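Undergrad: There's a structure below that I have some questions on.
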Protein chains: 2
Amino acid sequence: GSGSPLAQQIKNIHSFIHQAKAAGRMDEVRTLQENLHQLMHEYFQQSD
Amino acid sequence: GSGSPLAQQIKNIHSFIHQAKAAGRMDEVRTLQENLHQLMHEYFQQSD
Ligand SMILES: [Co+2]
Ligand SMILES: [Co+2]
């Protein structure tokens, strides 16, 4: 594929984590970290 | 690609975060999250 949709979502969530910290919303940071974790599982597949 | 040496380091650090959490070492989780953050900046060539 040429869209790299998951890489784009990862980049966005990364940015959103810094923004939530800057807003004083560490609660939102936690949820976004969980979201980033899931995306990393989708993107970085464990493989032989 | 997702199989580069850098991707392997990301996979490793990700696993180490789970292990540190299991050990109750949230201090180590934080340091490892900072390391993951840097690797993601390298891999996705993102700036803050
Ligand atoms: Co995981
Ligand atoms: Co960053």
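We name chains A, B, ... following the order of the structure tokens; residues begin at 1 in each chain, and ligands are numbered from 1 as shown.
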List as a ChimeraX atom specification the protein and nucleic acid residues near residue 34 (chain B), meaning an atom at most 12 Å away when only C-alpha atoms are counted, but skip any in the same chain fewer than 4 places from it.

TA: /B:10,13-14,17,27-30,38-41

Undergrad: Residues of chain B within 12 Å of chain A, using only C-alpha atoms, as number ranges by chain?

TA: B: 1-4, 6-15, 17-18, 33, 36-38, 40-48

Undergrad: Once chain A is fitted to chain B on all Cα atoms paired one-to-one in order, how large is the remaining RMSD?

TA: 2.9 Å

Undergrad: Quote the spacing between CA of residue 20 (chain A) and CA of residue 35 (chain A) in Å to one decimal place.

TA: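 CA of residue 35 (chain A) lies 13.4 Å from CA of residue 20 (chain A).
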
Undergrad: Just list as a PyMOL selection string whatever in chain B DSSP marks as helix (DSSP H, G or I).

TA: chain B and resi 5-22+26-43

Undergrad: In Å, with one decimal, what is the gap from CA of residue 31 (chain A) to CA of residue 24 (chain B)?

TA: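 That distance, rounded to one decimal, is 19.8 Å.
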